[PDB]
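Single chain ahead, by itself, as structure tokens, in the form deposited in one PDB entry.
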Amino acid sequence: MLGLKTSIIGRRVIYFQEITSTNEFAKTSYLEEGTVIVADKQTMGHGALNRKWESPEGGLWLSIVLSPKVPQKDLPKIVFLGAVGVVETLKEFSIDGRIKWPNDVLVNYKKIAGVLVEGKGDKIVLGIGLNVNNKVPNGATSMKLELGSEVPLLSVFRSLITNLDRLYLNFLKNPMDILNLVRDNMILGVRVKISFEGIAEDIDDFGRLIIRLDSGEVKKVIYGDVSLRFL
């Protein structure tokens, strides 16, 4: 009844009034590629390292099952598909979303969304939590708060799925393209703390964050239990 016209992402959608975690359900269940798991609320939503992810009603909490047929070396870029997809959707709603490497989306430095990719071989789960009309925790914001008015959750879902499908299809053919989209939508040229501090200069051809320390030393950061903080 939804009438989705996407090629892969959104071929099937499993909606829940409530769930423990869409990422957990997606990882555990036998699901086909492109299936989207979405819930009004999560009782056990999480970020990396089992960090609690607040998932009240009003937000967009979903996961997508992917089976990317690309080199093992390109798989780490899936998180960027989620981040860029969220940014594009925010821009469609006239919200200035910017990427905080490697998985966060901010609006005026406040966290509006987070991306979490979990993979176990031939199966990758792309999880996205985006605050829309829900109340948010410390250091966060939502689409409603930035626009000053409520936004139809289904409209945001449709927009995001359409963007992700396009991004994913192109990723399968040209896995390097997503890096340019990340660069054009990420927060750069400012001081950050990885510990060590320096200027976040850019991301390289592997998606590593390039940081220039005061001494001039250049470090390349691989994401994998490494968050950054803005100064």
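So that there is no doubt, residue numbering starts at 1 and follows the sequence shown.
As for the form solved in complex with a partner chain, it is not shown, yet the points below apply to it.
Discussion item. Taking a heavy atom within 4.5 Å as contact, would all three of 56, 112 and 137 count as contacting its partner chain in the bound PDB entry?
Written reply: Checking in the bound PDB entry: none of 56, 112 and 137 is within 4.5 Å of its partner chain.
Name the single residue among 188, 181, 48, 169 that comes within 4.5 Å of its partner chain in the bound PDB entry, judging by heavy atoms.
-> The residue in contact is 48.
Evaluate residue 102 for contact with its partner chain in the bound PDB entry, applying a 4.5 angstroms cut-off between non-hydrogen atoms, and reply yes or no.
Yes - in the bound PDB entry, heavy atoms of residue 102 and its partner chain come within 4.5 Å of each other.
Notebook entry, point to check: Wondering, does residue 106 line up within 4.5 Å of its partner chain in the bound PDB entry on heavy atoms?
Noted result: Output for residue 106 is no: heavy atoms all beyond 4.5 Å of its partner chain.
Going by a heavy atom distance of 4.5 Å, is residue 95 a contact of its partner chain in the bound PDB entry?
Taking the distances in the bound PDB entry, the answer for residue 95 is no, it never comes within 4.5 Å of its partner chain.
- Query: Would residue 208 sit within 4.5 Å of its partner chain in the bound PDB entry, counting heavy atoms only?
  - Reply: Close contact exists here: in the bound PDB entry, residue 208 approaches its partner chain to within 4.5 Å, heavy atoms only.
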